[PDB]
């Protein structure tokens, strides 16, 4: 009848918790049987139940000394720093959803397979492996894949828009800036944050320039654009909800309307990628069930003779919206 794959989550963080929320929301056939993090079940249960961005959890949440009990289903809880020591076989976890931020390579995520898992989907960029943005390149997946990435939230915002432009007009070259909600990689107060000096600064009190590979590594998702895009971010003080701008030279001359029509078609019957003509703002994207929502109000054609710059803008809930992509990619990946 139905494919009932068994899933473990490594890192029950902002993304790891929303992975469970979303799986339950869509009545997915996957069963989350295990969770690994660095803390007790009490603390994970508190964090699951009460959420500063998405509000109370829509299901019952309890804990024992070794487990979460979520809508009456037990989920084992482990606390292993090192993934080779995670006992994934004890509850039969075959596809690990890897969200700790510390295993973003084939060699590192390998430890999940040494531990007895069968596959791993990485919730972040992970070098030169298969990297999937759903409804842009998920067809490249097949039965032989064992470690896969879904890139960043910014790649999931960028890829759909860039794909549509490429397919319709060509992109000669382009540059991206995402005005991006602050995340857990930043700092609450001015203090050391590894090697990235700017990341050390109080994230709710500054505009902080910040580097991102969403553009530079786009060719993993859209091969014909390898080397053609660059970009960065500015981290700003909103808790989630992000916007991505892109300034392109296209392969032909365009009008605003024409760009917008082409994107509209591309969003039609597309559960991953949305369209809006409304004068929305970042908080309106919070809880979005898209990876990306193209905003036709922000389209801008600048032109002098045959020279033409095209600016296109796309919103994304870098938290929940990404996660809806991650889950779509996970449902497909899990049944191969």
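Positions refer to the first chain, counted from 1.
- As listed in the deposited structure, the average C-alpha B-factor of 190-198 and of 152-160 is greater for 190-198.
- Stretches 250-258 and 96-104 differ in mean C-alpha B factor, with the higher average recorded for 250-258.
- Sorting 183, 234, 123, 110 by the CA temperature factor given in the entry leaves 110 at the top.
- Among 239, 130, 73, 228, the highest C-alpha B-factor recorded in the PDB entry belongs to 130.
- Annotation for residue 222: C-alpha temperature factor in the middle third relative to the rest of the modelled chain, per the entry.
- Residue 117: CA B factor in the highest third of modelled residues in this chain (values from the PDB entry).
- In the deposited entry, the Cα temperature factor of residue 65 sits in the top third of values across the chain's modelled residues.
- The deposited CA B-factor of residue 58 belongs to the lowest third of values across its chain.
- Residue 209 sits in the lowest third of its chain by CA B factor, as recorded in the PDB entry.
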